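Novice: an experimental structure, sequence included, is below.
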Amino acid sequence: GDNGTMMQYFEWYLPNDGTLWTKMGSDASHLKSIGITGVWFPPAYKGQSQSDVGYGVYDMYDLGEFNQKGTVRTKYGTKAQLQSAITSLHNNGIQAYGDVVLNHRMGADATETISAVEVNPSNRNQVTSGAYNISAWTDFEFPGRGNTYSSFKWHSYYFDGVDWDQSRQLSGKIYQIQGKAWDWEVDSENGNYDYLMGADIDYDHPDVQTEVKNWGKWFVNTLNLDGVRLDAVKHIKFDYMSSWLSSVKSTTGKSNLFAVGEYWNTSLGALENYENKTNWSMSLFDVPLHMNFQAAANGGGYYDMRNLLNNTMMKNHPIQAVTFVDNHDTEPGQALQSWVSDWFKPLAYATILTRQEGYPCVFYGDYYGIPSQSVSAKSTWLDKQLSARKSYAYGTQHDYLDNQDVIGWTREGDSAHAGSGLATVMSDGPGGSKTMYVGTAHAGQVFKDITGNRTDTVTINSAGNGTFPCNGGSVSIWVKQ
Ligand SMILES: C[C@H]1O[C@H](O[C@H]2[C@H](O)[C@@H](O)[C@@H](O)O[C@@H]2CO)[C@H](O)[C@@H](O)[C@@H]1N[C@H]1C=C(CO)[C@@H](O[C@H]2O[C@H](CO)[C@@H](O[C@H]3O[C@H](C)[C@@H](N[C@H]4C=C(CO)[C@@H](O)[C@H](O)[C@H]4O)[C@H](O)[C@H]3O)[C@H](O)[C@H]2O)[C@H](O)[C@H]1O
Ligand SMILES: OC[C@H]1O[C@H](O[C@H]2[C@H](O)[C@@H](O)[C@@H](O)O[C@@H]2CO)[C@H](O)[C@@H](O)[C@@H]1O
Ligand SMILES: OC[C@H]1O[C@@H](O)[C@H](O)[C@@H](O)[C@@H]1O
Ligand SMILES: OC[C@H]1O[C@H](O)[C@H](O)[C@@H](O)[C@@H]1O
Ligand SMILES: OC[C@H]1O[C@H](O)[C@H](O)[C@@H](O)[C@@H]1O
Ligand SMILES: [Ca+2]
Ligand SMILES: [Ca+2]
Ligand SMILES: [Ca+2]
Ligand code: NA
């Protein structure tokens with residue numbers, strides 16, 4: 001009955017030095033000590049170059065094992081290093097979740113000359129040219145792997161489209177391969193959002209349907225995975241992704257394989273439509289809660305803190321909510337830049353770590369810092385919040401989201417976790433106090449601030465109430481001294 005806590009074990013700007021798998025393995029016992037129970041590791045297969053973060057997917061059967069793209073290792077290291085790291089996580093009781101990129105492929109071995117039409121980038125259902133022959137990056141043969149594990153080769157007729165004609169080099173185009181149709185259902189932004197980048201996989205094609213299930217089975221088996229992080233699920237045929245997840249569970253013996261999808265949309269309704277169309281079979285990153293954390297941070301005291309959880313997965317669908325403050329895309333300089341400022345970050349982490357709703361995900365970029373962007377490591381204060389979650393965030397919750405600035409909640413504690421119970425209080429503005437119910441069983445106990453932000457103590461009265469303060473623009477988490 002211990003709380004679960006995920007860590008995203010990478011950030012965008014890590015050096016291309018083939019050390020991440022070695023570090024992850026060495027970190028396992030430390031991650032266990034701070035309460036991390038699952039690790040999301042980056043795309044572990046060969047990208048279009050050695051330095052690829054992993055999203056520019058070339059060969060999903062090359063886990064840093066084959067001489068392809070001028071390298072054996074990936075950015076992160078070798079197959080054997082990743083396997084050793086997962087053995088070390090499992091030796092420490094930590095789940096391993098592999099990033100799974102199924103939308104597209106990049107770094108084709110060869111061009112193919114194929115018939116295509118242009119479509120409106122704002123309305124991909126609208127054809128805007130006659131048919132003509134383009135030079136497309138659609139031929140994937142993987143000669144460096146030489147058919148090891150899989151003889152499957154990719155050609156144009158397994159893709160729906162590309163955004164580049166190597167023969168004409170025109171910018172701002174999207175090409176639909178002749179005879180192909182955008183997959184459905186996908187997100188309807190730009191009319192049909194199947195196409196994102198690269199060579200867009202055709203999930204209408206039955207050879208592709210079979211092959212990508214076969215790959216999924218091989219990947220989970222090969223690395224003995226507990227779960228998957230599914231990339232760009234709003235751009236992949238909804239009913240196929242649902243079928244893919246059922247198939248891998250059934251074939252790998254991983255009947256309860258954990259799945260969290262990235263459906264990047266700021267409106268809850270989009271995430272609810274996805275869950276509806278995939279039978280509520282997977283969790284989703286709580287993108288709306290991340291936007292709420294950004295709006296509060298960016299409001300400089302004037303945000304209404306009563307609204308912090310509104311229109312979120314965490315409030316509305318907590319079983320399926322993977323809550324986060326920042327990720328590799330929201331960090332400075334990246335594609336979804338929407339960074340939660342240092343001052344607010346502890347309030348955001350206290351929200352996801354001490355509440356009963358959601359599966360929180362700690363960002364590597366927050367814990368260990370982002371030196372290339374002058375982002376300080378936050379591990380010193382994160383370790384105290386993670387202690388709050390590991391040891392104290394148990395039992396019945398009472399919410400006091402009843403002030404524009406000062407909000408809080410309590411956990412009563414449960415018998416399985418000795419000394420458990422807490423009161424979280426926080427302000428986006430001036431400091432304040434909240435009288436909150438931690439439980440009559442705490443009557444006469446003295447509470448301290450496990451964050452160390454406050455050095456005063458709080459005595460629980462006989463009615464099970466304390467008056468819990470915080471500093472301005474700060475959080476305190478009150479536990480039994
Ligand atoms: C980053 C997220 O993008 C999408 O988000 C959209 C929203 O959906 C939309 O509503 C609105 O908010 O705009 C957003 C930004 O566009 C997407 O929905 C979401 O799933 C994405 N996060 C995921 C997905 C991916 C992709 O798998 C990850 O993306 C990251 O890695 C990308 C690939 O390296 C990188 O893309 C940039 O670089 C590539 C190289 C380039 N592609 C061209 C280049 C080549 C070969 O070099 C050829 O293949 C073609 O000519 C081109 O397609 C892109 O043009 C460029 O954008 C991306 O920056 C990076 O974020 C992401 O990490 C996941 O978490
Ligand atoms: O932390 C390991 C834990 O992860 C998953 O449990 C999730 C669950 O699926 C979600 O619905 C939500 O409540 O968060 C849980 C994590 O606390 C795995 O399914 C589970 O087996 C595993 O122990
Ligand atoms: O150092 C320059 C900037 O770095 C960003 O990542 C921060 O959020 C800013 O508040 C800061 O001013
Ligand atoms: O929003 C556009 C979508 O409308 C419909 O559902 C069509 O079946 C689909 O092919 C199309 O892309
Ligand atoms: O959303 C606008 C900007 O808001 C904040 O300043 C964020 O730190 C930055 O990442 C984002 O780009
Ligand atoms: Ca697609
Ligand atoms: Ca199609
Ligand atoms: Ca406020
Ligand atoms: Na497609």
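Specialist: Cool, got the structure. Numbers count the residues shown, from 1 in each chain. Ligands and ions are numbered 1, 2, ... in the order given.

Novice: pull out the buried residues from the longest helix along the chain.
Specialist: In the chain, assigned by DSSP state H, the helix with the most residues is helix 206-223. Buried residues in helix 206-223, defined by neighbour count with 16 or more other C-beta atoms under 10 Å: 208-209, 211-216, 218-220, 222-223. In short, each C-beta sits where N, CA and C put it, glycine included.

Novice: export these to a markdown table and tack on distance to ligand 9?
Specialist: Formatted as a markdown table, the buried residues of helix 206-223 follow (distance: C-beta to the ion, whole Å):
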| residue | distance to ligand 9 |
| --- | --- |
| 208 | 9 |
| 209 | 12 |
| 211 | 14 |
| 212 | 12 |
| 213 | 16 |
| 214 | 19 |
| 215 | 16 |
| 216 | 17 |
| 218 | 22 |
| 219 | 20 |
| 220 | 23 |
| 222 | 26 |
| 223 | 26 |
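
Novice: I'd like to know which of the residues you listed is nearest to ligand 1.
Specialist: Using C-beta to the nearest ligand atom, residue 212 comes nearest to ligand 1 of the buried residues of helix 206-223, at 14.8 Å.

Novice: list the contacts of that closest one.
Specialist: 102, 201, 203, 244 (C-beta atoms under 8 Å, 6 or more residues apart in numbering).

Novice: so which two of these are the farthest from each other?
Specialist: Maximum pairwise distance among these (C-beta to C-beta): 11.6 Å, between 201 and 244.

Novice: who touches both of the two?
Specialist: Common neighbours of residue 201 and residue 244, using C-beta under 8 Å, 6+ apart, are 102, 212.

Novice: flag every residue of this protein that's near ligand 2.
Specialist: 4, 37, 38, 95, 256, 258, 283, 319, 359 (C-beta under 6 Å from any ligand atom).

Novice: how far away is the residue nearest the centre of the chain from residue 243?
Specialist: Centroid-nearest residue in the chain: residue 285, 5.7 Å away (criterion: C-alpha atoms, centre = their mean). Between residue 285 and residue 243 the computed distance is 22 Å (C-beta to C-beta, to the nearest Å).

Novice: which helix or strand contains residue 160?
Specialist: Following DSSP states H and E, one finds residue 160 within strand 159-162.

Novice: and what of residue 475?
Specialist: Counting by DSSP H and E, residue 475 is part of strand 474-480.

Novice: may I have that strand exported as CSV, CA atoms only?
Specialist: Presented in CSV, the C-alpha positions along strand 474-480 are these (Å, rounded to 0.1, in the frame of the first residue of the first chain):
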residue,chain,number,x,y,z
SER,A,474,6.1,29.2,-0.4
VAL,A,475,4.9,25.8,0.9
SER,A,476,5.2,24.0,4.2
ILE,A,477,4.4,20.3,4.7
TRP,A,478,3.5,19.6,8.4
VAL,A,479,4.2,16.1,9.9
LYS,A,480,4.5,14.6,13.4
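
Novice: each with direction, which strands does that strand pair with?
Specialist: Applying DSSP bridges, strand 474-480 is found paired with strand 422-427 (antiparallel), strand 446-449 (antiparallel).

Novice: I'd like to know which elements the one helix or strand residue 90 maps to is packed against.
Specialist: Element membership of residue 90 [criterion: DSSP H and E] is helix 79-91. Where contact means 3 or more C-beta pairs under 8 Å, 6 or more residues apart in numbering; DSSP states H and E, helix 79-91 is packed against helix 20-34, strand 38-41, strand 95-100, helix 206-223.

Novice: phi, psi of residue 392?
Specialist: For residue 392, the backbone dihedrals (degrees, to the nearest 10) come out as phi -120, psi -30.
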